[PDB]
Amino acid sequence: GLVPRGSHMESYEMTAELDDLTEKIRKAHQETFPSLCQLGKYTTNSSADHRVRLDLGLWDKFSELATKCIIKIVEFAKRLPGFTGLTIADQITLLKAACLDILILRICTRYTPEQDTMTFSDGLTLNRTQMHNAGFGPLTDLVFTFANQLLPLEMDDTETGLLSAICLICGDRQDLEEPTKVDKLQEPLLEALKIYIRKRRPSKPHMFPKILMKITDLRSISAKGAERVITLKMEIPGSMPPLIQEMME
């Protein structure tokens, strides 16, 4: 059809290099994390009715899905330009530092507000009480609140991928070998995000710092995830899935 004439049609400068980086981050996110619209949802009925200490049945599924998404986050990291150019030690340090933060961000982009649910990458859809019983425990309300706070930012895959990339590629992590090289990787990621937000939301200028501040909320939440690892270790029979332990050590 016809696109009618608006008013004051936005001008922007050439940002061809950042445009391509933006496209690469978007594809890397999309290809390592399906969207809600491309997932076929299904529920379980296990302990949907009331909060319990831990649904030992839901925890098996949740931890296995968690294992698989950690693998996807390593794949996403390897596709960010330059990440594999860092030493293996720094790659590990960056992933360990940011894994839980990115995983929270990812699962909160799978929030269906009307149903009060979150959807995992195999389609499994749990309501709030089931997310509690699956292992979120006392962090359920904090994670569901974060997911609600994200909705008015109306982030898409590009912004979600760029925010993940920025969270991972962080030169502030303790025990980095080449923290200045990590800082150099991060600078175009901050720029691309800022330019993307300007192009997509020309009528809302404060959106760059507002979206950046979400990282500071993520860290508030994943900081408590450590304490939960220890609580869960005492409730589950046998061992925590080993990749989860490597990321939480």
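Note that residue numbering follows the sequence shown and begins at 1.
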Inset, instruction - Averaging only over Cα atoms, indicate whether 174-182 or 106-114 has the higher B-factor in the PDB entry. - result: 174-182
Inset, instruction - Compare the mean C-alpha B-factor of 228-236 with that of 9-17 as given in the PDB entry, and name the stretch with the higher value. - result: 9-17
Legend entry - Top residue by Cα temperature factor, when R26, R53, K210, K194 are compared in the entry: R53
Inset, instruction - Classify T216 as lowest, middle or highest third according to the C-alpha B-factor given in the PDB entry, relative to its own chain. - result: middle
Legend entry - Third of the chain, ranked by Cα B-factor, where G137 sits: highest
Inset, instruction - Using the B-factor values recorded in the entry, state whether the Cα atom of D156 falls in the lowest, middle or highest third among the modelled residues of its chain. - result: middle
Legend entry - For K68, the third of its chain into which the C-alpha B factor falls: lowest
Legend entry - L189 by Cα B-factor - lowest, middle or highest third of the modelled chain: lowest
